[PDB]
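Q: Questions regarding the structure given below will be posed in turn.
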Amino acid sequence: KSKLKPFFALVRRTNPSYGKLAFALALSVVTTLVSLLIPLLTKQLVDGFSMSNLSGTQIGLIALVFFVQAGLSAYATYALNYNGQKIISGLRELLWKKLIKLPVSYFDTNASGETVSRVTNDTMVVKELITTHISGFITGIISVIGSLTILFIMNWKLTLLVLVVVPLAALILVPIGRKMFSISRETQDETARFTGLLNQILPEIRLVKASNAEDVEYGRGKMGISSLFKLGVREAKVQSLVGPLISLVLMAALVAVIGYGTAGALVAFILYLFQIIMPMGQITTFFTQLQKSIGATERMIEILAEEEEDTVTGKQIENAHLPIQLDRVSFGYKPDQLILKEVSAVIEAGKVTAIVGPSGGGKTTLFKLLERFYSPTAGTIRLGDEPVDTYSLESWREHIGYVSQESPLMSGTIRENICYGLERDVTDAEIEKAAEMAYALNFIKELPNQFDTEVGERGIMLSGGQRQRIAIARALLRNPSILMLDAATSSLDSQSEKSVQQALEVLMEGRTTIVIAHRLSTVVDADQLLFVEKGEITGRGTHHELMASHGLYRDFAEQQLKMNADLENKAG
Amino acid sequence: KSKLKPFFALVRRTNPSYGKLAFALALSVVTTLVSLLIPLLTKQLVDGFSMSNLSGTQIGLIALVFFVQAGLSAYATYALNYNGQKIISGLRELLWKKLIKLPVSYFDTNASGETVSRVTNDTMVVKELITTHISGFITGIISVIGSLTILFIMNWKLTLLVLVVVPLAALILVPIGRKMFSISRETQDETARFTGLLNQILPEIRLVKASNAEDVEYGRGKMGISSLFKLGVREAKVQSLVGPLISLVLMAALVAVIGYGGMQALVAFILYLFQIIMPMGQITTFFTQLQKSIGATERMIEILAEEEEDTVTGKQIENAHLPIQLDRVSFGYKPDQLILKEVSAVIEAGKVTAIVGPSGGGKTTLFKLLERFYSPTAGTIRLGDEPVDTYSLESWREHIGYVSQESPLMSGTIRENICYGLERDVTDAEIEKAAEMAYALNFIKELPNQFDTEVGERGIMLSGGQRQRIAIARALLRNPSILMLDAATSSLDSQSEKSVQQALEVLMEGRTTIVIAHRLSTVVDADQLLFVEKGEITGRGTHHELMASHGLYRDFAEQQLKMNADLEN
Ligand SMILES: Nc1ncnc2c1ncn2[C@@H]1O[C@H](COP(=O)(O)OP(=O)(O)OP(=O)(O)O)[C@@H](O)[C@H]1O
Ligand SMILES: Nc1ncnc2c1ncn2[C@@H]1O[C@H](COP(=O)(O)OP(=O)(O)OP(=O)(O)O)[C@@H](O)[C@H]1O
Ligand SMILES: [Mg+2]
Ligand SMILES: [Mg+2]
């Protein structure tokens, strides 16, 4: 609740910080000791060196070493910074591993392109910190405890002033440190908004060439930056406010010396007291910059509490192959506004089931449900009269292939877009058979050499027709028990998909297959068919069995029949 | 060529840096003066102050006021940092405006998700810099010139040592500054690779749940970070190397005082000489961190030389409406491997032309050409017997609508996905007619209130079916002379698109329309049709005119006829 205890708990999860820093902090302490001891000895030494040269050859060597050991402080600056580079790299490690094992039901709410900078830019603020953080704080805290003990009159008999220098200053940093905390949470919640704007803009540059967007999306960037980030000077204004305020209470201690305070002691008293400031200007800098870190990490804390959606809790059950039964499952994408209404159907093995619905139904959502992404409230999904959750959470995903309604590809270099299914044993003499079972090898070999070809970002390299045929090979290399085709009519011609339908029939005969498609002439011979509508389903059986029996549509097909009856009489 | 002259030229383009910094640098100079003058006066003052409380009270209250002007240094630290915040914001301004006016023929080569961080993270390295950069450099350079003049014996009669302290140190920083420059260009060319990895991964999280990717794409991140960025400690190792090496030449000057002065003031000479180090430790820090900036900006320079693809060179010609003629245009996406082979066809006005080709042809690469993105080598594109380049470069884009083969949407809040065509005069009582002409208003009004609805990143809140119908409204709000539909069969059903075809026929009758589509039953009544194949075209005329006459395919249609003959029997 104190916003401080989790932060040291946060760096605690990066384990190996304790080892080398403990050595690294130690020699920086004695670095403060030798810098304490240096200016008093040389002024007596030179008087000592009036003798000069003799003491000098030997002491020249001595000083070189000594002065070489004055350069040993650089090794402390190195070794702190090395463990400084360790602690940031542990954050980026632990942030990234949590980031992909968390449920997909998070990412739909908040902006994948926003949270990505919270890996980078909400760590790099601790790199610049941890030099000024540690090294400045330790070098002062020994000097201030080194001051008042040698200011021995003022901590045993004149204590009533050295109990004013810290606590009255401590009241001053409290609104500053709180305001410093309310700023660093804002900028770091706006760097993420700023980078999130651009990654939702820059890959879509072909649309932003709409010739009126370029005068506008530039204007959104400037309104992104200058109204916020030059308005990030609000940090720097308060940052410079600390200057007078440390002194404005410190000189208040200085005027206090006449209210309570022989004369031979007063002159030495001023001499030691003015050695406090360059120490005191460091410790307050640390307490400022510390609260800068917290607001830059307070957002990063909450994304370490979301609940680890991939479990490997496989109880006794992964392997056998049984039919799939949906049992009154009703899904809500938002729990007060649901779109699926206790649908109940059975997916028998070895036979291609299909799903056909109009635009706006629950077609694709039932597929994302059948990857067990949500497993909603009312209803259970079972297989073999066994509930699908208790098998495992996502080792059951391994048995299934899946292609989306769109065709997604990462920064591919084509052969790696197909590869990571079996992920270790790709068997290069088999990918071409997965290409031949997808009509891919025909229009790949004329390109420069399948490996050597590189797709774009979202896969621009290849085009749109080649995109869909590439992604369908991903499911046909994983060799699944259960296929899941979402759009086999998406971006491909009738010449292609006839080879596709004639290919997977050799594959899938004891391996059941759920495929939805537009344009019902691709699922006419399916062994089952469904007609889903707005979260409800009103159909069963074969298409010929459904056309004569059911009287709901009776022209969904005839909407597509009359679009094809024109082609006969126009040709003959 | 010197890698330095463009950098000061780079900040020169951010104009207003000259104004306030000149005031800001000035009072920091006299801040160095008062810090020079302070420790000598007080030690003589306290002996005169011991003339009691009286000596202190009334002069000392001004000394508090004097100590308030010691806090005036903070205002210099502020005003430097304020102009420090100005110069970074000018970079992000000038980088962003150049970034979107440059040709699309750049972005296909290098990785939009890579170059985006070069807006942010290759500017923020100058923010931390410019405090340590300027303020540290100015506060030393006056002190070192303030030292040797008060070390007056050693710059007129013992000069032969103060001509060693700088130039022999200057040899030492040369490999360091060069190595420091070869490091900062690497990390900043790897922050961009690291962020570019994630934005090509994180929005595709539904695919990365392939259950074997999570154990792998996590491993690519760690191999991204730890093999490179904990290996970014190579900076910090050389960064700490400067410590001995400034002194290891400085004490070499110290041993030199007996080689020329030992046979011949010496006690006061040591006292002023040891005041040089905390100055000298600042100036070398500046020359280190300066070369850190250059490698973090050398990549940023070259993206200010690419050539401004939107010109507003409209010569005399924007407005009239004439047919479109392609004349032997041959496009290469790579100039030694071209895919379009001097295609020649004519697009007559008022009549829907279509294009149908198999997978792998040049069907869209002719649409992206028809937005004048490339305008390739062999051949000219003309309209009205007038070449299309000399009209304007992209004010001609305003007359045209266009939807892609995919359906793209930005972070929308639906009404803003349709809005920025006319971009100032959206006329809220008309968007619904642009929705009614796209079969959008039917399945929008049941959602929570068209404005209030928000799509996802790539429209993931909306459907796939709803995505395509939304994007097609964008062209039907701009009210074009020329439509360009790329996939009216993409993600939409036969119930939808029959309304779509029956809608735009009321719109397009004197407004010509180029539409490609799968599944030839949507272009059967087109007034012209083309059959493009691998960059070549082998068809003309009407479909019924092409089916009997041409003998190339003769079963491209029959490939789709026999798939529909099963539905009757
Ligand atoms: N936030 C959301 N997440 C997931 N699905 C949503 C969300 N909001 C709405 N939906 C619904 O998801 C449904 C299913 O989309 P689907 O996968 O069926 O697209 P499709 O298969 O192309 O079919 P359609 O043609 O009906 O869009 C849509 O009806 C849409 O209303
Ligand atoms: N970024 C790119 N720019 C231009 N051409 C590309 C690019 N990436 C790949 N290509 C090549 O351009 C060819 C043309 O594809 P096109 O633009 O016609 O897409 P398409 O209309 O979907 O093609 P099809 O419908 O024939 O599959 C592809 O075969 C591909 O080899
Ligand atoms: Mg889908
Ligand atoms: Mg296309």
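Numbers and lists here come from the model and the stated rules, or from a named source; nothing here is a laboratory result. Please note: Cβ atoms are built from the backbone with ideal geometry, for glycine as well, and neighbour counts cover all protein chains shown.
Q: Search the stretch A:380-409 for residues being facing another protein chain (nearest Cβ under 8 Å) and hydroxyl-bearing (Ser, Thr, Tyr), and hand back the single one that is nearest to ligand 2 (Cβ to nearest atom).
A: Of everything passing the filter in the stretch A:380-409, A:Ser404 is nearest to ligand 2 (Cβ to nearest atom).
Q: Here are the criteria: (1) more than 9 Å from every other protein chain (Cβ to nearest Cβ); (2) in contact with a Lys or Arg (Cβ under 6 Å, 6 or more places away or on another chain); (3) not basic (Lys, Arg). Tell me which single one B:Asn479 does not satisfy.
A: (2)
Q: Within the stretch A:308-333, take every residue that is β-branched (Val, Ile, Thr) and surrounded by 15 or more Cβ atoms within 10 Å (Cβ to Cβ) and give me the one that is farthest from ligand 2 (Cβ to nearest atom). Don't jump to the end; show me each part of the working.
A: Looking only at the stretch A:308-333, we keep the residues that are β-branched (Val, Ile, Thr), and these are A:311-313, A:317, A:324, A:329.
So of that shortlist, the ones also surrounded by 15 or more Cβ atoms within 10 Å (Cβ to Cβ) come out as A:317, A:324, A:329.
Values: A:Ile317: 43, A:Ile324: 34, A:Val329: 37 Å.
Result: A:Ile317.
Q: So, of the residues in the stretch B:482-510 that are touching a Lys or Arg at 6+ places or on another chain (Cβ under 8 Å) and among the small types (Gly, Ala, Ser), which turns out to be nearest to ligand 2 (Cβ to nearest atom)?
A: Taking the candidates together, the pick is B:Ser491.
Q: For the stretch B:482-501, what are the residues that are facing chain A (nearest Cβ under 10 Å) and closer than 24 Å to B:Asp428 by Cβ?
A: none
Q: State the number of residues belonging to the stretch B:406-432 that are surrounded by 18 or more Cβ atoms within 10 Å (Cβ to Cβ) and either more than 16 Å from ligand 3 (Cβ to nearest atom) or aliphatic (A, V, I, L, M) (or both).
A: Adding up the residues that qualify gives 12.
Q: I'd like the full set of residues that are part of a helix (DSSP H, G or I) and more than 8 Å from chain B (Cβ to nearest Cβ), limited to the stretch A:255-270. Give the steps one after another, and end with the answer.
A: Let us first name the residues in the stretch A:255-270 that are part of a helix (DSSP H, G or I), namely A:255, A:257-260, A:263-270.
Across the stretch A:255-270, the qualifying residues are A:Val257, A:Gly259, A:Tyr260, A:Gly264, A:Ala265, A:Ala268, A:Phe269.
Q: Filter the stretch A:93-151 down to residues that are among the aliphatic types (A, V, I, L, M), over 22 Å from B:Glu190 (Cα atoms) and either within 8 Å of chain B (Cβ to nearest Cβ) or within 16 Å of ligand 3 (Cβ to nearest atom) (or both), then give me how many there are.
A: The total comes to 2.
Q: Considering only residues that are closer than 23 Å to B:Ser35 by Cα and of a type in the set (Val, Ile, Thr), look in the stretch B:137-174 and name the one that is nearest to the chain's Cα centre (by Cα).
A: So, considering only residues that are closer than 23 Å to B:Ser35 by Cα and of a type in the set (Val, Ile, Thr), the one nearest to the chain's Cα centre (by Cα) is B:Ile138.
Q: Among the residues of the stretch A:307-340, write down those that are in contact with an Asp or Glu (Cβ under 8 Å, 6 or more places away or on another chain) and in a strand (DSSP E or B).
A: Answer for the stretch A:307-340, where residues must be in contact with an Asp or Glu (Cβ under 8 Å, 6 or more places away or on another chain) and in a strand (DSSP E or B): A:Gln325, A:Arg328, A:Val329, A:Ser330.
Q: Further, regarding this structure: For the stretch B:343-382, name all the residues that are crowded, with 16+ Cβ neighbours inside 10 Å and either on the phi > 0 side of the Ramachandran plot or not assigned by CATH to the domain that holds B:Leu529 (or both).
A: Within the stretch B:343-382, B:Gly360, B:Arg372, B:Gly379 qualify.
Q: Moving on to the next point. Would you check if there is a residue in the stretch A:555-570 being more than 10 Å from chain B (Cβ to nearest Cβ), surrounded by fewer than 14 Cβ atoms within 10 Å (Cβ to Cβ) and assigned to a loop (DSSP other than H, G, I, E, B)?
A: There is no residue in the stretch A:555-570 that is more than 10 Å from chain B (Cβ to nearest Cβ), surrounded by fewer than 14 Cβ atoms within 10 Å (Cβ to Cβ) and assigned to a loop (DSSP other than H, G, I, E, B).
Q: Sticking with this one: For the stretch A:152-164, indicate whether the set of residues that are within 30 Å of A:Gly281 (Cα to Cα), charged (D, E, K, R) and either within 11 Å of chain B (Cβ to nearest Cβ) or crowded, with 19+ Cβ neighbours inside 10 Å (or both) is non-empty.
A: no
Q: Consider A:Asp452 carefully, then state whether it is within 16 Å of ligand 4 (Cβ to nearest atom) and of a type outside the set (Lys, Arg).
A: Answer is no for this residue.
Q: Hey, another quick one. Is it the case that the stretch B:419-437 has a residue that's more than 10 Å from chain A (Cβ to nearest Cβ), at positive phi and not hydroxyl-bearing (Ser, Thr, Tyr)?
A: No, the stretch B:419-437 contains no residue that is more than 10 Å from chain A (Cβ to nearest Cβ), at positive phi and not hydroxyl-bearing (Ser, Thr, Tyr).
Table: residues versus (1) among the polar types (S, T, N, Q); (2) in the same structural domain as A:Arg372 (by CATH); (3) over 22 Å from A:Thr513 (Cβ atoms).
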site	(1), (2), (3)
A:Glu386	no, yes, no
A:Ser395	yes, yes, no
A:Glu398	no, yes, no
A:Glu423	no, yes, yes
A:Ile444	no, yes, yes
A:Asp452	no, yes, yes
A:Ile460	no, yes, yes
